[PDB]
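Below sits a lone chain in structure tokens, taken as the form deposited in one PDB entry.
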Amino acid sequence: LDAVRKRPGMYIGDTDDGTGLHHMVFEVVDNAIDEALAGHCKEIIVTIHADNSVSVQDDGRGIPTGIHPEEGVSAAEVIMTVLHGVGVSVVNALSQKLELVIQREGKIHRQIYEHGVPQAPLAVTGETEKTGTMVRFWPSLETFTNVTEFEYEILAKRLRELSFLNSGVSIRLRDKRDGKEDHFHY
């Protein structure tokens, strides 16, 4: 991920005018839509938190958790830490913190990253009947300058377009700063 950290603008877009900052959410959403499409209920929820982090969750099958034969760490970590649509690894590299939760095969798995560095291996923390994935990320304020807060309408505009293109996927957008909400479903 050092190639991304070296020139963040080349991977994510402009890091001063808000375009890169918002692209961070859109990259996570693309992965979440792919996941939601492979499950039954097909809903994602995008939440803007009061501390200007964003979470994206889906009710799909869960990102795979098994150890990658060649890389020797969880498949979940491989995807977060290997350059491969730019990849969620870019978002991870440019987040001062990123938290994930995978619910799969009866188990809750958790992991925390800081600036793309895993703090510990993916770990089973509990049991569950549910399936799905959730990522919450705190954009790096070392990278993102001037525009550092999420504009609701920029997110809402793109999620609307996505709802028409991915017919039958339910997309919820919530802003915990002021209570605003939308539900895009074609």
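In case it trips you up, residue 1 is the first one in the sequence shown, and so on. Here the rigid core means the biggest group of C-alpha atoms that line up within 1.5 Å when the two forms are laid on top of each other.
Across the other entries compared, none leave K107 without coordinates where the residues on each side are present, so it is far from a third. Compared with other entries of the same protein, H84 falls in the group left without coordinates by at least a third of them, where both flanks are modelled. Going from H84 to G85, you skip over 10 or more residues of the deposited sequence that the entry leaves unmodelled. Comparing 37-45 with 133-141, the stretch with the higher mean C-alpha B-factor in the PDB entry is 37-45.
Looking at 149-157 and 22-30 together, the entry lists the larger mean B-factor for 149-157, computed on C-alpha atoms. Comparing the C-alpha B-factors of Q119, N52, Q57, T125 in the entry, the top value falls on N52. When all modelled residues of the chain are sorted by CA temperature factor, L173 is found within the middle third. When the modelled residues of the chain are ordered by C-alpha B-factor, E99 sits in the middle third. Among the modelled residues of its chain, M10 has a C-alpha B-factor that falls in the highest third, as given in the PDB entry.
Although not depicted, the form deposited in another entry is the subject of the following passage.
Once you line up the core between the shown form and the other one, the CA of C41 is the only one from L141, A50, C41, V117 that shifts by 2 Å or more. Relative to the displayed conformation, the Cα-Cα distance from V101 to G39 grows by 3 Å or more in the other entry. Distance between the C-alpha atoms of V25 and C41: shorter by at least 3 Å in the other entry than in the displayed form.
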